[PDB]
């Protein structure tokens, strides 16, 4: 068991700043754990992942895709994840242009599909998975696929008729009309993806169970906005490794290499 907990944050080029910025986390953790903390910020994901693998980071904060890579190479466990919009998970919604006569995923056969950014989960990878798993529809092959830039652009492109359907974040679609981006009488929801996970905090499994248990309780109980605002989080809530299978499965289905 390390005398001082090595708590790594997201990788960053300005390590001194991000460490200073997150002093409220250091102070919150020392007081609540009764243990000294050393904050760590790595130049890239490979450094972080390998340093944890070899016992030189104790707790670490990852992106979900990054977490899945870290887990394949080392005995770690997630114990909390970022809460935003009331939970540590989110969905994608598929919407359809009302006038296009698309009533079901299957009807996207030979139609136009709007996606956000090639790299987005909520506006590309997730909605693409849904179409494949549910209707055996492959992008490029069984429908025409347009990448239009952002989540707002998906909603707009579907609503104004330039696509028949599109996939975006549930959360963002839910205020697209509120913000006046679209007429809500021109689109309807076809359905939702499963729940995908947010940024996990993860720890090395061979820390003592006394420490591990206490770590998890402390992080889950953080209510200090000065700590939380740096993660753009309302809270941290329990999460487990099993909550990232839906990402593993998405990798496979689409043939993604996370590096």
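Positions refer to the first chain, counted from 1.
Asks: Mean C-alpha B factor from the entry: is it higher for 234 to 242 or for 247 to 255?
Replies: Taking the mean B-factor of the alpha carbons in each, 247 to 255 is higher.
Asks: Between 131 to 139 and 80 to 88, point out the one with the higher average CA B-factor as the PDB entry records it.
Replies: It is 131 to 139 that shows the higher mean C-alpha B-factor.
Asks: Could you tell me which one of 207, 59, 222, 215 shows the highest CA temperature factor in the PDB record?
Replies: Among 207, 59, 222, 215, the PDB entry lists the largest C-alpha B-factor for 222.
Asks: Just the C-alpha B-factor column, please: which of 103, 157, 97, 169 has the biggest number?
Replies: That would be 103.
Asks: Is residue 54 in the lowest, middle or highest third of its chain when residues are ranked by C-alpha B-factor?
Replies: Tercile = middle for this residue's CA B-factor.
Asks: Lowest, middle or highest third: which one holds residue 195 when the chain's residues are ordered by CA B-factor from the entry?
Replies: Residue 195: CA B-factor falls in the lowest third of its chain.
Asks: Going by what the PDB entry lists, where does residue 149 fall on CA B-factor within its chain: lowest, middle or highest third?
Replies: According to the entry, residue 149 has a C-alpha B-factor in the chain's middle third.
Asks: If you rank every modelled residue in this chain by C-alpha B factor, which third holds residue 119: lowest, middle or highest?
Replies: Ranked within chain, residue 119 CA B lands in the middle tercile.
Asks: Test of reading the entry: by CA B factor among the chain's modelled residues, which third contains residue 184?
Replies: As the PDB entry reports it, the C-alpha B-factor of residue 184 lands in the lowest third of its chain.
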